[PDB]
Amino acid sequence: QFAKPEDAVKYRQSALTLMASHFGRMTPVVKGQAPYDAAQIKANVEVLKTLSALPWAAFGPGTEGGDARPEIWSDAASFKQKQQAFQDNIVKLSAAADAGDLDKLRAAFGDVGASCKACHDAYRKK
């Protein structure tokens, strides 16, 4: 859906910005600094689930640019590992949010965050 590589870059940066906001806005809740409303978090994690499937299709071959490392493309199966592990941790976060279980939520949130960091460290330019 992208006329030029720059359009893919702009899309994935926006998608990642929006994932990051829907993830990070739960940090006060996980920490107990903001109240836990199970319905609120269930709805937010449903939004995060949708968003977390979006960036990856905008790293199609030849879309080097932005802060993406070239190894995303040359190591395609490994980059796919990291994205798929991140989404299966999103599945676990959805299960926790759907269950309305704050302890399960905290644990799953931490797993997701670790998976963000793992891909970051390997595939985002310094």
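Start at 1 with the first residue shown and count on from there.
The stretch 91-99 shows the higher mean C-alpha B-factor when 55-63 is compared against 91-99 in the entry. When 36-44 is weighed against 67-75, 67-75 comes out higher, by mean CA B-factor as recorded in the entry. Residue-level temperature factors show residue 16 in the lowest third of its chain, judged at the C-alpha atom.
The PDB entry assigns residue 25 a C-alpha temperature factor belonging to the lowest third of its chain's modelled residues.
Per the deposited record, the Cα B-factor of residue 105 falls in the middle third when ranked against the other modelled residues of its chain.
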